[PDB]
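Before any questions on how it binds or moves, here is one chain, the form deposited in one PDB entry, in structure tokens.
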């Protein structure tokens, strides 16, 4: 219904595309508010440091717990659902999106480098609900693109926000009826709607077997 989303990142301009995709009517009706915060506002030093070397050695850098702790202390409450994107997370799915779509307050903590010192999420989980999640079986450079995916999948399930209204879906067609020597399947122009439904069901079955045998 009415949702606030706060995103914390060292690249706040990355999140401009979705602030723009929000219909004015939804904002004016008080249905949604998305705010983006530069993590460097909570740094301690003149060099605005957000990362440091990993304990135990190895390549890369780790984001600092003292900076992230201060940021989340200010932005979160006991009622916040804290979302931490990570390729080592639980899978984010359509079920997850439906569940989160009724939340009052999401906070998304975007990592870079090797990620965030684990004590940040572990400390937060002693006083709010925390969810570490992966958006797929690949490695991104940062959490910003993951935040864009999560925000879009969730907000399209909130009535009236983004301006929109198993087996895989089969192919779709529209005008013109013939194009570059390819005709639309004649069954779709037949006016036999029980037959059309059966044809679509079989197309779905075939596509699922070919592309996603795991779903069977």
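Whichever C-alpha set is largest while still superposing within 1.5 Å between the two forms counts as the rigid core. Numbering follows the first chain given and starts at 1.
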| property | result |
| --- | --- |
| Other PDB entries, at least a third, lacking residue 164 | yes |
| Check: residue 153 without coordinates in a third or more of other entries | no |
| Absent coordinates between residue 165 and residue 166 - deposited residues affected, binned into four classes | 10 or more |
| Higher-B stretch (mean Cα B-factor, as the entry records it), 188-196 or 16-24 | 16-24 |
| 45-53 versus 155-163 - greater average Cα B-factor per the deposited record | 155-163 |
| Residue, from 39, 63, 149, 34, that the PDB entry assigns the highest Cα B-factor | 34 |
| B-factor third for the C-alpha atom of residue 9 within its chain | lowest |
| Third assignment of residue 113 from its chain's C-alpha B-factors | highest |
| Residue 141 - which third its CA temperature factor falls in, relative to the rest of the chain | highest |
| Residue 102 - Cα temperature factor, lowest/middle/highest third of chain | highest |
| Chain third (lowest, middle, highest) by recorded CA B-factor, residue given as residue 178 | highest |
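Note that the form deposited in another entry isn't included here; everything after this is about it.
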item: Conformational change between this form and the one not shown, one of 50, 153, 184, 31, C-alpha moving 2 Å or more after core fit; value: 31
item: Core-aligned C-alpha movement of residue 204 between this form and the one not shown, 2 Å or more; value: no
item: Residue shift check between this form and the one not shown, rigid core fit, residue 195 Cα at least 2 Å; value: no
item: Rigid core superposed: residue 22 CA moves 2 Å or more between this form and the one not shown; value: yes
